[PDB]
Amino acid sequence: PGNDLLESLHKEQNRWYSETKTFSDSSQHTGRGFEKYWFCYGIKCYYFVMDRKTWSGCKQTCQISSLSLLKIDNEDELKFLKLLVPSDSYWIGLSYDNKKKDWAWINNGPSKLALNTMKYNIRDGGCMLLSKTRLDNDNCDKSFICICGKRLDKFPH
């Protein structure tokens, strides 16, 4: 049972992409379209906004669509995310702001997740991305695909 999941993960992935693939506009920068896609896993769904944009654009786009930019909940969600995501980087709700002088998830929301701060040289960025390889830091202002983030709370439909 190792790769039978991979084999599949990967595939179910390219699969949900093309079923959910849309070029639509956001009624913020209105009639200008951008490509985006989604899929769910567990109690969370993930919506990717593929017009590369920056950590603050990402953050606001997620809020205008009624979501909020990815909080990762535990190492297992982290672990799944890195596996079904294409090969890339993406903004999530992890960064620095100012009284607390530490990273917070875009709301002072909770994760049960290790990280360990001292793995990241601030002088290196103030915003958290993903790769397939782990989490890293970059400048809140260069441009990447964002993932928004919704925690289902009742069973859709």
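When you see a residue number, it is the position in the sequence shown, counting from 1.
In this entry, the higher average B-factor at the C-alpha atoms falls on 105-113, of the pair 44-52 and 105-113. Relative to its counterpart among 7-15 and 144-152, 7-15 has the higher mean temperature factor, C-alpha atoms as listed in the PDB entry. Per the PDB record, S26 has a higher Cα B-factor than any other of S66, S89, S26, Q60. Among the modelled residues of its chain, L70 has a C-alpha B-factor that falls in the lowest third, as given in the PDB entry. Annotation for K36: CA B-factor lies in the middle third of the chain's modelled residues. The entry lists a Cα temperature factor for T20 that places it in the middle third of the chain's modelled residues. Per the PDB record, residue ranking by Cα B-factor puts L130 in the middle third of the chain.
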